[PDB]
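A lone chain, given as structure tokens: the form deposited in one PDB entry.
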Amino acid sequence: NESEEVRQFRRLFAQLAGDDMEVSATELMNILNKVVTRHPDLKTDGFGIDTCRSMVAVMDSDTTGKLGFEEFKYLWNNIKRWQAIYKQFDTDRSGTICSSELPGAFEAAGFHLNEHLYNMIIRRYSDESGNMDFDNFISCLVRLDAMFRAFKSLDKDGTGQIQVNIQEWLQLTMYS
């Protein structure tokens, strides 16, 4: 019972990995850069091979560098939940976002928004002057969202505090 856009995409998968139903970051990149690099009322050159790479590693629980079609859906969906917010806050069509409207799109993506964390975002995905393109905007949320979950996972009971050994650390941190 999946939408028509997923069906066509679904078809695009088997034509790549076949029964293996998997895509690579690169594969995922074009598969994505052709659906969003469409409708002009939204500007971008396309997702860079790094953005996808996090999309993939963040959804990967077997460390193989591949995106399952089901896990794909989850992401894609979220992508669309946000291919909105951004499109709504970038009116300049310059393909960026207001330095003081940034705090506006991230609340429209439902987040706790803390001062310290903010900066981090700003220093990592924005341009020299302080502007974030579609790419990095979406690329941010995946990864962000991921950690909100990774934390939810590592914390079974609810002591609002996870705890990791170094290997656990370098892993969480390195595969993103």
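Whichever C-alpha set is largest while still superposing within 1.5 Å between the two forms counts as the rigid core. In case it trips you up, residue 1 is the first one in the sequence shown, and so on.
From this point on, the text means the form deposited with a small molecule bound, which you will not see here.
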Within 4.5 Å of the small molecule in the deposited complex, heavy atom basis, the matching stretch of 30-38, 51-59, 109-117, 123-131 is 30-38
request  = Report yes if any heavy atom of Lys80 sits within 4.5 Å of a heavy atom of the small molecule in the deposited complex; otherwise report no.
outcome  = yes
**4.5 angstroms heavy atom contact with the small molecule in the deposited complex for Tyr86** = no
(Q) Does any part of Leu42 reach within 4.5 Å of the small molecule in the deposited complex? Heavy atoms only, please. (A) yes
Given a superposition on the rigid core, I'd like a yes or no on whether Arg149 shifts its C-alpha by 2 Å or more between this form and the one not shown. no
Is_shifted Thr91 between this form and the one not shown (CA, 2 Å cut-off, rigid core): yes
Using a rigid core alignment, state whether the CA of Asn114 is displaced by 2 Å or more between this form and the one not shown. no
What changes in the deposited complex is the Cα distance between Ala17 and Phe72, by 3 Å or more; the two atoms are closer
